[PDB]
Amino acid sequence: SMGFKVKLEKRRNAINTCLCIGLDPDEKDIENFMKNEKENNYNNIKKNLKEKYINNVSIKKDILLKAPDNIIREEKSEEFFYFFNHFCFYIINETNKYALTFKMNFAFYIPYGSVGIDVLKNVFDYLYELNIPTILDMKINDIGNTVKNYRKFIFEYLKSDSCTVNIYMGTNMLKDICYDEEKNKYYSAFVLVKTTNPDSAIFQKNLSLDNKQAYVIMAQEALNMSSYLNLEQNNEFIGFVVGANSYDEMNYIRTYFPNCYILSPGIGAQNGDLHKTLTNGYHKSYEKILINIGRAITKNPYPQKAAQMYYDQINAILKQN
């Protein structure tokens, strides 16, 4: 209803941060949560059950509301579903007060087949109820007729606020991601611009047009497409993914597209330097520089304290600027 641009601004006004918490649970995370809960008499699951919005998830709610002892004995074929969903609710419950947005990477929810997609749906439902801005990190790409299916999955079924998109095929795909002509609906996306992987230079920097490196050409074309679609007129936007370890490019992008929205993964697990990243990407409307932190929170044995410290650090750095 309000539009992601407005959602982000309003939440930033309430919580005064740009922390984006990544929720990418792996098999080990789920297995560890199960083992740990069994050893501590299900303390975190019990807390989850006292939360109000658990009552508003779409998929197999009755299963999720059952006591763990009973799941294990009477609904054993749902055990993985139950512990996977409860791990997610546990992370969200422990950390949401510090989060401007949550980013869920689709790759983590698919490798078990359908079960993880039911978890992902419930996670999006839970975040929707909590009014927390969401990002689906799926790096979608295809021809127009095909990508409309991703638009439906992401923006209609999950009701995500935004997604990540790989526009190497071209920018016209965005017309079938960020806009629904039939319904007059508009949606936001972050396009891959400069990524964190060690060999990112190979195509993103080493290729060029008119003495500008590819990542610059790609950012400008994404903005051209945003203008064409009139997204910002409709309280939505196309933004850029710029790796937290990519200081020169972050500096270049913020200088040359002064009011762009940037999503920056790669701090914590991948060594990115938080001070340098946030400084090079800084904007006074700091929802425009989302700092994504995943494993440094989700693989930390004290996730609430980990989130708090990133919140506190970001806010100290934001203050300097």
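All residue numbers are counted from 1 along the displayed sequence. Only the largest set of C-alpha atoms that superpose within 1.5 Å between the two forms is called the rigid core.
Stretch comparison, 277-285 versus 30-38: after rigid core superposition, larger RMS CA deviation in 8 other deposited structures of this protein is found for 277-285. In the comparison with other entries of the same protein, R73 is left without coordinates in at least one third of those covering both sides of it. Note on 15-23 vs 297-305: mean CA B-factor is higher in 297-305.
Comparing the deposited coordinates for 53-61 and 284-292, the stretch with the larger average C-alpha B-factor is 53-61.
Comparing C-alpha B-factors across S160, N149, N211, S188 in the deposited entry, the largest value falls on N211. Residue-level temperature factors show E221 in the middle third of its chain, judged at the C-alpha atom. Remark: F81 belongs to the lowest third of its chain, ranked by C-alpha B-factor as recorded.
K183: CA B factor in the highest third of modelled residues in this chain (values from the PDB entry). When all modelled residues of the chain are sorted by CA temperature factor, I45 is found within the highest third. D176: CA B factor lies in the middle third for its chain, per the PDB record.
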